[PDB]
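What follows is one chain in C-alpha cells, specifically the form deposited in one PDB entry.
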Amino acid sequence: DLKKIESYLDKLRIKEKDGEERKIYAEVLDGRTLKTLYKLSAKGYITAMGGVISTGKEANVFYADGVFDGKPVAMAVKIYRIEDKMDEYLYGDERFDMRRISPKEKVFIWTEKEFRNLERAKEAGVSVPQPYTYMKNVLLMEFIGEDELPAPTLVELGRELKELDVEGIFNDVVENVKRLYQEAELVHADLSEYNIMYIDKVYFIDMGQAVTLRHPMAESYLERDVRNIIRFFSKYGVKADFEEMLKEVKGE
C-alpha cells in the first residue's frame, strides 16, 4: 500500500527535498510499477529517477538518468497506468490481431507495441526518441530536451512558431510522415501539435497507437493525420494543400 510505495521511493532515491515529485510518484504509480522500476534500477538501466514530466489519463512520463549502450543517457521513462477506447488500434494491427489480448496483459502488450513502433520508425529514419528498453508497463527512451527539461511540443511553442522557420518545421513534419509511411510502413494515427516536439528539428512521440499499412483503417488514419497537421500549421501562416501533401507522403 503506502508503506510498499515509500520503500520503493526510498530505494529509487526519490526524496521529499526534490519538490512535489515524491508526492506525485506515490499517487500516480502503484506498487507493481514501482517494483518494475526498481528492477530496472538494480539491473543497472536506471541510475536515478528524476522530475515528473507529465501526468495523464493513460500514461505518466518521468525524467531519469540511466545507462544504455554502456553510456550514461538522459531518459524519458514513459509508464502506462495498469488500468479501453484504444482497441481499434490494437486489434486490426496484424502484429497483434492473432494474439491473446488478455485483460491483465493488455497494457503490457500496448507498451510493447509502442516500443516496437519506436524501433521501426527510428530504424526507417523517422525522428522519434531512441528507444532503449521496456519492461511490463515501463518504457525507457531517449530524453528529448536538455538539462532535464523537455523540448516544447508544437502547441507549447504556439505563437513562438512565428518567430521560427514555421514553414521549415512544417516540411520537417511532412518529411517524417513520408518516411513513416514509405520506409517504416506505419501510420502514426494520432499525429498532432500535442505529440510533435521541437529541438533543432521535429521528433514524433506517443507511438503506442501507430498501425502498419496493412491495418484496414491505415489510409483513413493517414489522411486524418495530414488534415490535422495542415490545419494546425494554417494558424501560423503555412499555406499547404491537402492533395499535394497526401500524394507527397504516399509517393504519388
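Think of the rigid core as the biggest set of C-alphas that the two forms share within 1.5 Å after superposition. Position 1 is the first residue in the sequence shown; the rest follow in order.
The next section is about a form of this same protein that is not shown, the form deposited in another entry.
With the core superposed, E243 shows a C-alpha displacement below 2 Å between the shown form and the other one. With the core held fixed, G92 shows a CA shift of 2 Å or greater between the shown form and the other one. Relative to the superposed rigid core, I229 undergoes a CA displacement smaller than 2 Å between the shown form and the other one. The pair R99 and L222 is at least 3 angstroms farther apart at the CA level in the other form than in the present model.
If you compare C-alpha positions, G145 and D18 are 3 angstroms or more farther apart in the other form than in the form on display.
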